[PDB]
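Engineer: Questions regarding the structure given below will be posed in turn.
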Amino acid sequence: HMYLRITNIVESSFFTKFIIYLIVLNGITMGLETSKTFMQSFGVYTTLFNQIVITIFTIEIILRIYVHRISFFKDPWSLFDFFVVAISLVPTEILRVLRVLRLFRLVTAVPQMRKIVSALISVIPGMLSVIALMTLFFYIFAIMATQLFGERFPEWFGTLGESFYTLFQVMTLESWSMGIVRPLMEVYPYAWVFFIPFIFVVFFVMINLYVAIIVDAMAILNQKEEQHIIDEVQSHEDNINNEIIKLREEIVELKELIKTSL
Amino acid sequence: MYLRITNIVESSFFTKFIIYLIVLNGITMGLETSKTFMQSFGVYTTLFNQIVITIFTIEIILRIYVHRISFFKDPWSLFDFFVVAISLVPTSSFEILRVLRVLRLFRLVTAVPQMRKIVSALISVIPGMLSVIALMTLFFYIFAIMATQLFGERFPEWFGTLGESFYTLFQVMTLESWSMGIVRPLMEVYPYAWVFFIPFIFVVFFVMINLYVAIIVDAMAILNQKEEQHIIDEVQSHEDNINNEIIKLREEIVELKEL
Amino acid sequence: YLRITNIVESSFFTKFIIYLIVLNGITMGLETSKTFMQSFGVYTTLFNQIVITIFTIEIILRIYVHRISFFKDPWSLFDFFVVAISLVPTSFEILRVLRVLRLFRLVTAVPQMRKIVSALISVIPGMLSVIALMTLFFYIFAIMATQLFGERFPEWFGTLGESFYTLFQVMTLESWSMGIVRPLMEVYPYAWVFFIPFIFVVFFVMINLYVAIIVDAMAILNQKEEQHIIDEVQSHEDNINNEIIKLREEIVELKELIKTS
Amino acid sequence: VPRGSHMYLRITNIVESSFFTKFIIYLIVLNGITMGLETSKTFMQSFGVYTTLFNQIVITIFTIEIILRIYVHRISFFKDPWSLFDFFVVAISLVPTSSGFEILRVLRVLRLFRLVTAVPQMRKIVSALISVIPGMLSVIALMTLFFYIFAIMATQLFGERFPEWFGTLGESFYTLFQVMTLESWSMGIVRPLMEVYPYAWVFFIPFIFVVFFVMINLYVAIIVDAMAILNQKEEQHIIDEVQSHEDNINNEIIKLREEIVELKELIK
Ligand SMILES: [Cl-]
C-alpha cells in the first residue's frame, strides 16, 4: 500500500530531475576540486557537499531497490549506479580517484544518453569472436617478440607484458619505426620481417571487420525490405486470385441458368 | 526605382563582381606575407584593402536595404556581415582582429552556391551527433579529472591542470607520441599508467568509428524505406485499379445474369 | 598501311613491348647497386639505349596508325611524354630520375591495370568542389599561422609556403603536439585554439566526404533498382490491362448477342 | 596402405571422435600457457626441465595425430589448407632444436595458431576475412609497382647524402612504407631531407596522397560493389515474384476468356 505511495515518488519526474541536478552540481564540484587554489579556500564546503550528495545517492538507491526489488539488480544501469555509489562510500587511495566515476550516472539517469551507449555496445557481442582471435594473435607475437628481442632490448620486449604493451604501441603506429624497429635493426637487421606483417595483419582485420559490419548490416536491411515488398505482391496475388473465383463462378452461375434458357 | 537597385544587386554581374574582388583581395592577403614584397609594393596594398572594404560595406549595405530583415535571418549574410565589420574596426585595438580579418576569404564560400551547398551538406550531420559529442566531452572531462589527480603532481606539464589533462588527453586520442612521449614516462613513476590510457584509447576510437558506421547504416535504412514506400505504393495502385476493373466486370455479369 | 596496323594491334606487338617494360624494370632496379654498375654497368646502359629506341619505334608506329586519335588518348600521351623524357639528353639531372616513370607504362600497356586506375580515378571529379574548399581552408589558415607564428618560429611558419607545409603535417597528425604546438604554447599559450579547430575541421571534412560517397553511391543503386522493379510491375500492369479488354470486348460482344436472341 | 580395412576403420573412429578433437584442443591450450611461462626466467630456472619434456610430449602426440589424420583422409588431407598448416607447423617443431638457423625454435610458437584450425568458429572468422584478398591482388600489385617505382626514385635522389634511409633499394622501400604509416614522416625524414633538397616535399606529399587515396578508395569500392550485388540478389527475387504473378493472372484471365467464348459458342 505505502509501496505505491513512494513508488509514485521514486518514478516521478521530480525525483529523477532532482537527482540529475545533484549529479551535475557534484560534477562541477569535482572539477573545482582540481584547483589547488580552490581547495585552500572553499575546500571544506565541498567535502561536506560531497558527503551530502553521496548520502542522498544512498537514500535514492535504497528506495530504488525497495521499489524495484530484484529487478533492480537484473538491471545493468542500476548495478552501475549501485557500484559507483558504493565505491564512493568506502573510507577515504585509488578509490578516491574512481569516485569521479559517479559523473557517468549522468549517462545512466538520462535516457537520451542510455540510448547512445546501448546503440554503441550492440556491436560488441558479435565482435567477441574477432577480439579473441586478435588477442591470440597478440599473445603469440608477444611471446615471439620476447624470445627474439627481450635479450638485447629488455625495456621494450624483456617481459611478455612488455612485448604486449609494445606490440599494442606498434599497432597504434606510434614511433614504431624511428622509435622501435630502426633501433632493433641495428642489432637484428631482419626485424622488419616481424613487424611489417604484424602491422598488415592487424590493420587488415580491423578494417575488414568493420567493412563486414557495414555490408552485413546492409544485407539484413535489404531482407527486411525484400520481405515487406514480396509479402505485399503476395497479398495482392491472394486478393485478385480470390476475386477471380467470384468472377469465374459467375460464368458457372450465369452459364448454368443461361444454359437452360437456350 | 527600388527595382533598379534590387535588379542590380542580384544580377550575375553584381555577385560575379564581388566574387572578383574577393579573389583579388585574397591574393593581396597572400602577398602581404612577404617582407620583400611589402618593402616594395606595401603601401599600394593598404589602400587596395581599404578600398575593397569600402566596396564590401556598400555591398553589405545595399544587400541589407534590398533584403531588410531577411538579411539577418540568413546565416551566410550574417557571416558576410560579421566578417566585413571585423575589417572596419580600427586595426590598433586587440591585435587579434588584424588576423581574423583574413576570415573574409571564406566569403568566397558565401558568394558561390556550389560552395554553400558543400558546407551545408557537411553540416547536415552535426545535429544528430550532438548527443555523442556531449557523451565524448563528458568522457574526456571525467578522465581529465582522474588524470589530473593521478598524474598532475609528478607530471605538471601534462596533467598539472584540468585544462592540461584535457589537452594531453586529446593528444592521446590523436595517438601522437602517446607512448614514447607520455605513457612510457608516466610508467617510470606509476607502472600501472597503461591501465588508464589503453582503455581510454579503445573507448575513444570505438565511439568515433562506430558513430560513422551508424551514420552509414542508418542513412541506408532510410534509403531502403524511401524506396520501399515507392515500390509498395505502386503495387497498391496496381491492385485498386484491377479491383475497380474486376468490380466492374463482376458487376457486368450481374447485368447479363439478370437478362 | 594495313600491314603496320596488323602489327601494332597484334597481341605479339603489345605483349612484346610489355616484355621490354618488365625487363627494363629489373635492370632499372639493378642499376641501384653500386656493386652491379661497377661490373655490369656498361652492358645495362646499352640495354637502356636499346629499349628506348624500340619504344620510340613503337610510339612512332602507333602514331602513324592512329594519327590524331593517338594524341587524344591519355594512356598513349603518357607513353609519349614518358618515352620523350627518356630521350632528352641526361644533361640538371632531374630528368634522369623521371625516366623511371616509364615503368608506369606497365599500367598503360596492361588493360586490367588500366581498369583499376580508371575505377579509382573515377571518384575525383566530384571531389574537385571539396578539394577547392579544403585548399582554400588551408590557404586561409596558412596566412593566419604565418602572421601569428612566423616571427618567433621561422622554421615552421616564417613563410606562407612553410605554414602550408606545416599545416599539412598537422593534418597528418605527425608530431603535431610534442613537435609543434607545445613549443608554440611556450610563447603563445592560446595556440591550441588555432590548431585543435584546424584538426577537427580537416578530419571532419575528410571523413564525411567519404561517408557521402558511400551513401550517395548507395542511393543511386537504390534508384537504379526501383525503375527495374517498377518497370516490371508496370509491364505486369499493362499486359493485364489489355487482357481485360480482350475479356471486356468478348463480354460485350457476347452480352450484346444474347440480347438479340 | 590401409585403404578400407578393419584397422583403417579403427583409426577413423579415433580421428573423428569427440574425445580426439577435444583432447588435441586441450593440449594446444596447455602448451600455449606453457610457452607463456617459458618467457619467465624465474620459472625456467625452477620448472624448466618440466616444460621441455611437456613440449617434447605435446609435439609427439601432435605428430601422432597428424599421421592418423593422413591415414584417415589420404589426399583430401593435403587438398585441405587447414590440414596443411597443422602439418607445416608441426614439422617446424620437429626440426632439431639447435639447427643452423636457430630461429625455428621461435617459429615453433606458431603452432598456437593451431587453436584456430581446430575450432570451426575460428576457421569461419578467418575465412570471412580472407575472402576479400583475391579481388585486391590487382590493386595490391598496382601498389607494389608504385612503391618499387618510387623506391628507385628515392634511392637515386636521396641515398647518397642519406644512406641510412635511402642508400639501398631495400631501404627506400622500408622508409617509403614508414612514410605511408605517417610515422615521423616530416620531423623524422622529410624536414631533414629538405635541409639538403628543399623541394623534397614534391616527392613525398604526392606519395602520401596517392597511397592514401588508393587504400581508402579501394575499401569504398568493396563496400559499394559488395552492395550492388546485394541489390541484384534482391531485385531478382522481387522480379521473380512479380514475374510469376504475371504468369498466374495471365492464365487465369485466359482460362476465363475462353470460358466466355465457350458460352458464345453455345448461342452461335
Ligand atoms: Cl497484379
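Letters A, B, ... mark the chains of the C-alpha cells in the order given; residue numbers begin at 1 per chain; ligand numbers begin at 1, in order shown.
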I need the contact residues of chain A against chain C, so if you could list those with any atom within 10 Å, counting only C-alpha atoms, and return them as an mmCIF file with N, CA, C and O atoms, in the first residue's frame, that would help.

Structural biologist:
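So the final result, stored in out-v9.cif, reads:
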data_model
loop_
_atom_site.group_PDB
_atom_site.id
_atom_site.type_symbol
_atom_site.label_atom_id
_atom_site.label_comp_id
_atom_site.auth_asym_id
_atom_site.auth_seq_id
_atom_site.Cartn_x
_atom_site.Cartn_y
_atom_site.Cartn_z
ATOM 1 N N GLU A 174 52.582 4.314 -33.349
ATOM 2 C CA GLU A 174 53.238 5.459 -32.724
ATOM 3 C C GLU A 174 54.720 5.158 -32.534
ATOM 4 O O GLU A 174 55.095 4.358 -31.670
ATOM 5 N N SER A 175 55.564 5.807 -33.338
ATOM 6 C CA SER A 175 57.016 5.677 -33.238
ATOM 7 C C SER A 175 57.484 4.252 -33.510
ATOM 8 O O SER A 175 58.537 3.834 -33.022
ATOM 9 N N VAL A 233 3.283 -8.056 -52.745
ATOM 10 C CA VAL A 233 2.968 -8.704 -54.015
ATOM 11 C C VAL A 233 2.299 -10.049 -53.774
ATOM 12 O O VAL A 233 1.537 -10.532 -54.622
ATOM 13 N N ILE A 258 -28.272 -19.415 -67.924
ATOM 14 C CA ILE A 258 -28.318 -19.045 -69.332
ATOM 15 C C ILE A 258 -28.205 -20.263 -70.237
ATOM 16 O O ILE A 258 -28.537 -20.184 -71.424
ATOM 17 N N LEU A 262 -31.576 -21.330 -73.199
ATOM 18 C CA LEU A 262 -31.325 -21.511 -74.624
ATOM 19 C C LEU A 262 -32.043 -22.752 -75.144
ATOM 20 O O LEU A 262 -33.261 -22.744 -75.330
#

Engineer: Please identify every polymer residue within 9 Å of ligand 1, using only C-alpha atoms and all ligand atoms, and present the set as a list in words.

Structural biologist: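 These are the residues that qualify: residues 233, 236, 237 and 240 of chain A; 235, 238, 239 and 242 of chain B; 233, 236, 237 and 240 of chain C; 242, 245, 246 and 249 of chain D.
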
Engineer: Up to 7 Å from chain A, what residues of chain B turn up? Count only C-alpha atoms and give them as a ChimeraX atom specification.

Structural biologist: /B:132,142,145-146,162,175-177,179,207,210,213,217,221,224,228,232,235,239,250,257

Engineer: For C-alpha atoms, I'd like the residues from the last selection saved as a short mmCIF file (atom, residue, chain, number, x, y, z; two decimals), in the first residue's frame.

Structural biologist:
data_model
loop_
_atom_site.label_atom_id
_atom_site.label_comp_id
_atom_site.auth_asym_id
_atom_site.auth_seq_id
_atom_site.Cartn_x
_atom_site.Cartn_y
_atom_site.Cartn_z
CA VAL B 132 27.62 11.69 -28.95
CA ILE B 142 35.84 12.71 -16.26
CA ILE B 145 39.89 14.88 -13.64
CA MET B 146 41.27 11.39 -13.00
CA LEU B 162 42.38 20.21 -15.63
CA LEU B 175 47.73 8.90 -30.90
CA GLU B 176 50.64 11.34 -31.29
CA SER B 177 53.60 10.22 -29.16
CA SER B 179 53.53 6.01 -25.63
CA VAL B 207 32.90 5.50 -30.38
CA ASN B 210 31.01 3.09 -34.65
CA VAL B 213 29.24 3.04 -39.06
CA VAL B 217 23.94 2.08 -41.97
CA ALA B 221 17.87 2.19 -43.61
CA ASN B 224 15.62 1.42 -48.19
CA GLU B 228 10.17 0.50 -50.16
CA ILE B 232 4.73 -0.74 -52.46
CA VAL B 235 1.68 -2.45 -56.02
CA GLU B 239 -4.29 -3.53 -57.12
CA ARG B 250 -18.15 -8.61 -61.78
CA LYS B 257 -27.32 -12.61 -65.41
#

Engineer: Should the cut-off be 12 Å, what would the residue list for chain D against chain B look like, counting only C-alpha atoms, as an NGL selection string?

Structural biologist: :D and (182-184 or 220 or 223-224 or 227 or 231 or 234-235 or 238-239 or 242 or 245 or 249 or 253 or 256 or 260)

Engineer: Using only C-alpha atoms, please write the residues we just selected to a file, as an mmCIF file, in the first residue's frame.

Structural biologist:
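What follows is the written file out_14.cif:
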data_model
loop_
_atom_site.group_PDB
_atom_site.id
_atom_site.type_symbol
_atom_site.label_atom_id
_atom_site.label_comp_id
_atom_site.auth_asym_id
_atom_site.auth_seq_id
_atom_site.Cartn_x
_atom_site.Cartn_y
_atom_site.Cartn_z
ATOM 1 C CA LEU D 182 52.801 8.505 -41.423
ATOM 2 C CA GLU D 183 55.251 7.766 -38.589
ATOM 3 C CA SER D 184 57.659 10.705 -38.209
ATOM 4 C CA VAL D 220 34.958 2.359 -50.585
ATOM 5 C CA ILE D 223 31.553 -1.584 -49.581
ATOM 6 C CA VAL D 224 29.736 -0.298 -52.672
ATOM 7 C CA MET D 227 26.376 -3.582 -52.138
ATOM 8 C CA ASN D 231 20.695 -5.090 -54.644
ATOM 9 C CA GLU D 234 17.232 -8.680 -54.021
ATOM 10 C CA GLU D 235 15.607 -7.192 -57.118
ATOM 11 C CA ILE D 238 11.241 -9.373 -56.271
ATOM 12 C CA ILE D 239 11.149 -9.518 -60.076
ATOM 13 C CA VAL D 242 6.271 -10.080 -59.847
ATOM 14 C CA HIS D 245 2.410 -13.315 -60.510
ATOM 15 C CA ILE D 249 -3.164 -13.866 -63.676
ATOM 16 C CA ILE D 253 -7.856 -14.443 -67.399
ATOM 17 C CA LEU D 256 -11.628 -17.189 -68.108
ATOM 18 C CA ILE D 260 -16.932 -16.830 -72.089
#

Engineer: May I have a table of the residues of chain C lying at most 8 Å from chain B, giving each one's closest pair of atoms and their distance in Å to one decimal, counting only C-alpha atoms, ordered by chain and ascending residue number, as a Markdown table?

Structural biologist:
| residue | atom | partner | partner_atom | distance |
| --- | --- | --- | --- | --- |
| C:129 | CA | B:115 | CA | 7.2 |
| C:130 | CA | B:118 | CA | 7.0 |
| C:133 | CA | B:115 | CA | 7.2 |
| C:136 | CA | B:106 | CA | 8.0 |
| C:137 | CA | B:106 | CA | 8.0 |
| C:140 | CA | B:102 | CA | 6.7 |
| C:143 | CA | B:30 | CA | 6.6 |
| C:144 | CA | B:99 | CA | 6.1 |
| C:146 | CA | B:33 | CA | 7.4 |
| C:147 | CA | B:33 | CA | 7.2 |
| C:148 | CA | B:99 | CA | 7.6 |
| C:159 | CA | B:33 | CA | 7.2 |
| C:160 | CA | B:33 | CA | 6.4 |
| C:173 | CA | B:176 | CA | 6.8 |
| C:174 | CA | B:176 | CA | 6.6 |
| C:175 | CA | B:176 | CA | 6.0 |
| C:176 | CA | B:176 | CA | 7.2 |
| C:177 | CA | B:171 | CA | 6.8 |
| C:178 | CA | B:177 | CA | 7.3 |
| C:205 | CA | B:122 | CA | 7.0 |
| C:208 | CA | B:122 | CA | 6.7 |
| C:209 | CA | B:122 | CA | 7.8 |
| C:211 | CA | B:216 | CA | 6.6 |
| C:214 | CA | B:216 | CA | 7.6 |
| C:215 | CA | B:216 | CA | 6.5 |
| C:218 | CA | B:220 | CA | 7.5 |
| C:219 | CA | B:223 | CA | 6.5 |
| C:222 | CA | B:227 | CA | 6.9 |
| C:223 | CA | B:227 | CA | 7.6 |
| C:226 | CA | B:231 | CA | 7.0 |
| C:229 | CA | B:231 | CA | 7.5 |
| C:230 | CA | B:231 | CA | 6.6 |
| C:233 | CA | B:235 | CA | 7.3 |
| C:237 | CA | B:238 | CA | 6.4 |
| C:241 | CA | B:242 | CA | 7.9 |
| C:248 | CA | B:249 | CA | 7.6 |
| C:255 | CA | B:256 | CA | 6.2 |
| C:259 | CA | B:259 | CA | 7.7 |

Engineer: Taking 3 positions as the minimum chain separation for residues in the same chain, which residues sit within 10 Å of range 142-151 of chain D when counting only C-alpha atoms? Answer as JSON, numbers by chain.

Structural biologist: {"C": [25, 28, 29, 98, 100, 101, 102, 103, 104, 106, 107, 113, 116, 117], "D": [136, 137, 138, 139, 154, 155, 156, 157, 166, 168, 169, 170, 171, 172, 173, 174, 175, 176, 177, 203, 204, 207, 210, 211, 214, 215]}

Engineer: Put those residues in a file: N, CA, C and O atoms, as a short mmCIF file (atom, residue, chain, number, x, y, z; two decimals), in the first residue's frame.

Structural biologist:
data_model
loop_
_atom_site.label_atom_id
_atom_site.label_comp_id
_atom_site.auth_asym_id
_atom_site.auth_seq_id
_atom_site.Cartn_x
_atom_site.Cartn_y
_atom_site.Cartn_z
N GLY C 25 62.52 -2.94 -66.26
CA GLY C 25 62.27 -2.66 -64.86
C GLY C 25 63.26 -3.31 -63.93
O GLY C 25 63.67 -2.73 -62.92
N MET C 28 66.56 -1.54 -64.31
CA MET C 28 66.49 -0.24 -63.66
C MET C 28 66.56 -0.37 -62.14
O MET C 28 67.06 0.54 -61.47
N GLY C 29 66.08 -1.48 -61.59
CA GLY C 29 66.26 -1.74 -60.18
C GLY C 29 67.64 -2.25 -59.84
O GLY C 29 68.15 -2.00 -58.74
N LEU C 98 63.17 10.89 -63.50
CA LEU C 98 61.82 10.71 -64.01
C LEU C 98 61.76 9.66 -65.12
O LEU C 98 60.68 9.17 -65.43
N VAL C 100 62.51 6.74 -64.77
CA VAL C 100 61.97 5.54 -64.16
C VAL C 100 60.46 5.50 -64.22
O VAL C 100 59.86 4.44 -63.98
N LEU C 101 59.81 6.63 -64.52
CA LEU C 101 58.36 6.65 -64.64
C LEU C 101 57.84 5.84 -65.82
O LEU C 101 56.64 5.56 -65.87
N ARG C 102 58.70 5.46 -66.76
CA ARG C 102 58.24 4.59 -67.84
C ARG C 102 57.83 3.23 -67.33
O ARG C 102 57.13 2.49 -68.04
N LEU C 103 58.24 2.86 -66.11
CA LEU C 103 57.74 1.63 -65.53
C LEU C 103 56.24 1.69 -65.29
O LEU C 103 55.60 0.64 -65.19
N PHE C 104 55.66 2.89 -65.19
CA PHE C 104 54.21 3.00 -65.14
C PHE C 104 53.57 2.64 -66.47
O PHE C 104 52.36 2.39 -66.51
N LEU C 106 53.79 -0.06 -67.60
CA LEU C 106 53.24 -1.38 -67.29
C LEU C 106 51.76 -1.30 -66.96
O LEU C 106 51.02 -2.26 -67.20
N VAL C 107 51.31 -0.17 -66.41
CA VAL C 107 49.88 0.05 -66.21
C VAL C 107 49.21 0.45 -67.52
O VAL C 107 48.12 -0.02 -67.84
N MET C 113 45.11 -3.39 -65.50
CA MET C 113 45.63 -2.27 -64.72
C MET C 113 44.97 -0.96 -65.13
O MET C 113 44.62 -0.14 -64.28
N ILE C 116 41.81 -0.76 -63.27
CA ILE C 116 41.97 -0.46 -61.85
C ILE C 116 42.11 1.05 -61.65
O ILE C 116 41.37 1.67 -60.88
N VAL C 117 43.07 1.65 -62.35
CA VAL C 117 43.34 3.08 -62.18
C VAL C 117 42.11 3.90 -62.53
O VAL C 117 41.71 4.80 -61.78
N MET D 136 41.58 -7.94 -54.40
CA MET D 136 42.52 -6.85 -54.19
C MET D 136 43.85 -7.06 -54.89
O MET D 136 44.59 -6.08 -55.08
N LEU D 137 44.19 -8.29 -55.27
CA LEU D 137 45.53 -8.57 -55.78
C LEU D 137 45.91 -7.64 -56.92
O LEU D 137 47.06 -7.20 -57.02
N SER D 138 44.95 -7.33 -57.80
CA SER D 138 45.19 -6.32 -58.82
C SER D 138 45.69 -5.02 -58.19
O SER D 138 46.74 -4.49 -58.57
N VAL D 139 44.95 -4.51 -57.20
CA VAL D 139 45.31 -3.25 -56.56
C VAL D 139 46.61 -3.40 -55.78
O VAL D 139 47.51 -2.56 -55.86
N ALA D 154 63.57 7.36 -54.90
CA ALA D 154 64.10 7.80 -53.61
C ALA D 154 65.57 7.45 -53.47
O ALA D 154 66.37 8.25 -52.97
N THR D 155 65.96 6.25 -53.92
CA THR D 155 67.37 5.86 -53.85
C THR D 155 68.24 6.78 -54.68
O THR D 155 69.26 7.29 -54.20
N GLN D 156 67.86 7.02 -55.94
CA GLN D 156 68.66 7.87 -56.81
C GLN D 156 68.69 9.32 -56.33
O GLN D 156 69.65 10.03 -56.63
N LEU D 157 67.67 9.76 -55.61
CA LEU D 157 67.56 11.16 -55.22
C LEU D 157 68.19 11.45 -53.86
O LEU D 157 68.80 12.51 -53.68
N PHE D 166 67.89 5.84 -47.57
CA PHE D 166 67.67 5.59 -48.99
C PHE D 166 68.93 5.11 -49.71
O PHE D 166 68.97 5.12 -50.94
N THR D 168 69.97 2.17 -50.08
CA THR D 168 69.74 0.87 -50.69
C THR D 168 68.29 0.79 -51.15
O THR D 168 67.39 1.39 -50.54
N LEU D 169 68.06 0.05 -52.24
CA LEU D 169 66.70 -0.13 -52.74
C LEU D 169 65.79 -0.67 -51.65
O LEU D 169 64.68 -0.17 -51.44
N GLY D 170 66.25 -1.71 -50.94
CA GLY D 170 65.50 -2.24 -49.82
C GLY D 170 65.30 -1.25 -48.69
O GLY D 170 64.40 -1.45 -47.86
N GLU D 171 66.10 -0.19 -48.64
CA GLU D 171 65.97 0.80 -47.58
C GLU D 171 64.94 1.86 -47.93
O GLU D 171 64.14 2.26 -47.08
N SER D 172 64.95 2.33 -49.18
CA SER D 172 63.90 3.24 -49.63
C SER D 172 62.53 2.57 -49.53
O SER D 172 61.53 3.22 -49.20
N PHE D 173 62.47 1.26 -49.81
CA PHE D 173 61.24 0.51 -49.61
C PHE D 173 60.78 0.59 -48.16
O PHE D 173 59.61 0.87 -47.88
N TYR D 174 61.70 0.36 -47.22
CA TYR D 174 61.33 0.41 -45.81
C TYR D 174 60.96 1.82 -45.39
O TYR D 174 60.01 2.01 -44.61
N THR D 175 61.69 2.82 -45.86
CA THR D 175 61.37 4.19 -45.48
C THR D 175 60.06 4.65 -46.11
O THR D 175 59.27 5.35 -45.48
N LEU D 176 59.81 4.25 -47.36
CA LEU D 176 58.57 4.65 -48.01
C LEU D 176 57.37 4.01 -47.33
O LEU D 176 56.30 4.63 -47.22
N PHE D 177 57.51 2.77 -46.85
CA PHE D 177 56.44 2.19 -46.04
C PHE D 177 56.21 3.01 -44.79
O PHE D 177 55.07 3.31 -44.43
N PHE D 203 58.09 15.25 -53.68
CA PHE D 203 58.19 13.81 -53.89
C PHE D 203 57.36 13.03 -52.89
O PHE D 203 56.76 12.01 -53.24
N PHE D 204 57.31 13.48 -51.64
CA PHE D 204 56.69 12.71 -50.57
C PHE D 204 55.24 13.08 -50.30
O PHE D 204 54.50 12.25 -49.76
N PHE D 207 53.23 11.18 -52.91
CA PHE D 207 53.30 9.79 -52.48
C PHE D 207 52.30 9.50 -51.36
O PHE D 207 51.65 8.45 -51.35
N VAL D 210 48.52 9.86 -53.05
CA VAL D 210 48.23 8.70 -53.89
C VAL D 210 48.03 7.46 -53.02
O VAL D 210 47.04 6.73 -53.16
N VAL D 211 48.98 7.20 -52.12
CA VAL D 211 48.92 5.99 -51.31
C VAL D 211 47.62 5.95 -50.51
O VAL D 211 46.92 4.93 -50.48
N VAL D 214 44.32 5.50 -52.78
CA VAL D 214 44.07 4.13 -53.20
C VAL D 214 43.55 3.30 -52.03
O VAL D 214 42.50 2.66 -52.13
N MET D 215 44.29 3.28 -50.92
CA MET D 215 43.87 2.49 -49.77
C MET D 215 42.42 2.78 -49.40
O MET D 215 41.60 1.86 -49.26
#

Engineer: As a PyMOL selection string, please: every residue in range 69-214 of chain D that DSSP puts in helix (DSSP H, G or I).

Structural biologist: chain D and resi 69-73+75-78+81-94+104-117+120-130+133-158+163-166+169-181+185-196+201-214

Engineer: If you measure from CA of residue 56 in chain B to CA of residue 141 in chain C, what distance in Å do you get, rounded to one decimal?

Structural biologist: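 CA of residue 141 in chain C lies 21.8 Å from CA of residue 56 in chain B.
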
Engineer: Which neighbours of residue 94 in chain D fall inside 10 Å, counting only C-alpha atoms, when residues of the same chain fewer than 6 positions from it are skipped, and could you give them as an mmCIF file with N, CA and C atoms, in the first residue's frame?

Structural biologist:
data_model
loop_
_atom_site.group_PDB
_atom_site.id
_atom_site.type_symbol
_atom_site.label_atom_id
_atom_site.label_comp_id
_atom_site.auth_asym_id
_atom_site.auth_seq_id
_atom_site.Cartn_x
_atom_site.Cartn_y
_atom_site.Cartn_z
ATOM 1 N N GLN D 56 58.246 -31.529 -25.450
ATOM 2 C CA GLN D 56 58.651 -32.723 -26.181
ATOM 3 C C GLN D 56 57.543 -33.765 -26.233
ATOM 4 N N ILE D 59 54.465 -32.294 -28.758
ATOM 5 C CA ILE D 59 54.912 -32.396 -30.142
ATOM 6 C C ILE D 59 54.810 -33.836 -30.624
ATOM 7 N N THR D 60 55.031 -34.802 -29.730
ATOM 8 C CA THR D 60 54.897 -36.207 -30.102
ATOM 9 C C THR D 60 53.448 -36.545 -30.432
ATOM 10 N N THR D 63 52.294 -35.081 -33.568
ATOM 11 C CA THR D 63 52.808 -35.815 -34.717
ATOM 12 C C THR D 63 51.997 -37.083 -34.954
ATOM 13 N N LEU D 104 63.849 -21.298 -35.857
ATOM 14 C CA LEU D 104 62.663 -22.145 -35.828
ATOM 15 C C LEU D 104 62.190 -22.361 -34.398
ATOM 16 N N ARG D 105 63.133 -22.500 -33.459
ATOM 17 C CA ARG D 105 62.777 -22.597 -32.048
ATOM 18 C C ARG D 105 61.783 -21.514 -31.652
ATOM 19 N N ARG D 108 58.372 -22.151 -33.651
ATOM 20 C CA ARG D 108 57.627 -23.230 -33.019
ATOM 21 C C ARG D 108 56.412 -22.728 -32.257
#

Engineer: Show which residues sit within 10 Å of residue 247 in chain C, as a ChimeraX atom specification. Count only C-alpha atoms, and ignore same-chain residues fewer than 2 positions away.

Structural biologist: /B:249 /C:241-245,249-253 /D:253-254,256-258,260-261

Engineer: Hey, which of A:134, A:9, A:48, A:143 ends up closest to chain D? Count only C-alpha atoms.

Structural biologist: A:143

Engineer: Just checking: using only C-alpha atoms, which residue out of C:138, C:70, C:157, C:149 ends up closest to residue 199 in chain C?

Structural biologist: C:138

Engineer: Applying 10 Å and only C-alpha atoms, which residues near residue 15 in chain C remain after dropping the ones on its own chain fewer than 6 positions away? List them as a ChimeraX atom specification.

Structural biologist: /C:21,109-110

Engineer: Between CA of residue 205 in chain D and CA of residue 170 in chain C, what is the distance, to one decimal in Å?

Structural biologist: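 So the two atoms, CA of residue 205 in chain D and CA of residue 170 in chain C, lie 13.2 Å apart.
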
Engineer: Work out how far apart CA of residue 245 in chain A and CA of residue 227 in chain A are and give it in Å to one decimal.

Structural biologist: 27.0 Å

Engineer: Considering only C-alpha atoms, return as an mmCIF file with N, CA, C and O atoms, in the first residue's frame whatever protein or nucleic-acid residues lie within 10 Å of residue 119 in chain D, sequence-local ones (same chain, fewer than 3 positions apart) excluded.

Structural biologist:
data_model
loop_
_atom_site.group_PDB
_atom_site.id
_atom_site.type_symbol
_atom_site.label_atom_id
_atom_site.label_comp_id
_atom_site.auth_asym_id
_atom_site.auth_seq_id
_atom_site.Cartn_x
_atom_site.Cartn_y
_atom_site.Cartn_z
ATOM 1 N N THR D 21 39.366 -34.898 -31.003
ATOM 2 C CA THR D 21 39.445 -33.472 -31.302
ATOM 3 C C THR D 21 39.479 -32.645 -30.023
ATOM 4 O O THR D 21 40.263 -31.697 -29.909
ATOM 5 N N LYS D 22 38.633 -32.989 -29.049
ATOM 6 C CA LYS D 22 38.619 -32.259 -27.787
ATOM 7 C C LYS D 22 39.947 -32.398 -27.054
ATOM 8 O O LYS D 22 40.450 -31.428 -26.473
ATOM 9 N N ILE D 25 42.650 -30.204 -28.805
ATOM 10 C CA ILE D 25 42.419 -28.805 -28.460
ATOM 11 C C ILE D 25 42.847 -28.533 -27.025
ATOM 12 O O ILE D 25 43.315 -27.434 -26.704
ATOM 13 N N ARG D 114 47.310 -23.196 -34.251
ATOM 14 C CA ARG D 114 46.560 -24.439 -34.336
ATOM 15 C C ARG D 114 45.242 -24.350 -33.579
ATOM 16 O O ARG D 114 44.288 -25.063 -33.906
ATOM 17 N N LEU D 115 45.175 -23.495 -32.556
ATOM 18 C CA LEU D 115 43.920 -23.266 -31.850
ATOM 19 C C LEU D 115 42.855 -22.683 -32.766
ATOM 20 O O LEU D 115 41.662 -22.785 -32.458
ATOM 21 N N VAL D 116 43.260 -22.066 -33.877
ATOM 22 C CA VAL D 116 42.304 -21.578 -34.866
ATOM 23 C C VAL D 116 41.835 -22.715 -35.765
ATOM 24 O O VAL D 116 40.642 -22.836 -36.060
ATOM 25 N N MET D 122 36.558 -20.355 -35.286
ATOM 26 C CA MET D 122 37.694 -19.540 -35.709
ATOM 27 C C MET D 122 37.939 -19.658 -37.208
ATOM 28 O O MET D 122 38.168 -18.648 -37.884
ATOM 29 N N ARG D 123 37.909 -20.881 -37.746
ATOM 30 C CA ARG D 123 38.088 -21.062 -39.184
ATOM 31 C C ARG D 123 37.169 -20.137 -39.971
ATOM 32 O O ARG D 123 37.583 -19.535 -40.969
ATOM 33 N N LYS D 124 35.916 -20.005 -39.530
ATOM 34 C CA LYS D 124 34.957 -19.174 -40.250
ATOM 35 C C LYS D 124 35.335 -17.699 -40.175
ATOM 36 O O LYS D 124 35.271 -16.987 -41.184
#
